[PDB]
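One chain comes next, on its own, written as structure tokens: the form deposited without this ligand.
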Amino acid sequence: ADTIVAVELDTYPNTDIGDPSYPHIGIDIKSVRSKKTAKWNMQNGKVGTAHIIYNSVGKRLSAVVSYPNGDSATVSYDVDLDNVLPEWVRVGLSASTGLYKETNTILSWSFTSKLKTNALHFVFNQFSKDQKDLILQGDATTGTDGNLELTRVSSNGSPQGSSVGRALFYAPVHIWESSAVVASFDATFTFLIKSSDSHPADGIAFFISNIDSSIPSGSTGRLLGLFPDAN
């Protein structure tokens, strides 16, 4: 199965599989049941920004999600990604809806990994119809209003259900290297989760996985496009 690490922006509490019973951000290590989470207020319809930070030195994966009004949620988790990820990965974004749904619009995404140096840095503030440096998967499409919609949206402006989608950066990343003194990465992305459903679902993740990683099957709704199941 795909080796996955992820920061999840989890708009839907699936508390029969580990979610806390609020909207939450989570660090996911090889499982969809977050090693760590934090209560997150998903502000409907607002543009949000997620920052994920990790370095090999402090070995603490962190993520803040916040919105323009100042609310903000943080999560950190002490872990050595040298022991969970393969040397070469892909990075990307993943989203899903299920029974409930939302827009999973990504408005920008930037990523930096370094190995001190080797370094890879990319930034998308405007995505194209034909984004040739993004591998799109499942429902994800880009363009031409400069957005990445990771989950199937519908003409009048509408989040459908039972949708998954991800975009990985095309180039694989060398995310660690054992002689590296420092192997760090940060990623940032801004998103617009909107819903008029009774509850939005299910969320946006930033993820690193093996380079060949795909959408496991039946991974919509609560498995966020990251896992074959909820183990």
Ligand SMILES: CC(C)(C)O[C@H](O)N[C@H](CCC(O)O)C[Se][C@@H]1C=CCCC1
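All residue numbers are counted from 1 along the displayed sequence.
Below: the form solved in complex with this ligand, not depicted.
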- [ ] Could you tell me which stretch in 178 to 186, 38 to 46, 164 to 172, 25 to 33 has residues with non-hydrogen atoms within 4.5 Å of this ligand in the entry with it bound?
- [x] 178 to 186
Open item on the list: Only one of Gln131, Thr112, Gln137, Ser72 gets a heavy atom within 4.5 Å of this ligand in the entry with it bound. Which one?
Closed with: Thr112
Task: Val123: touches this ligand in the entry with it bound, heavy atom cutoff 4.5 angstroms - done: yes
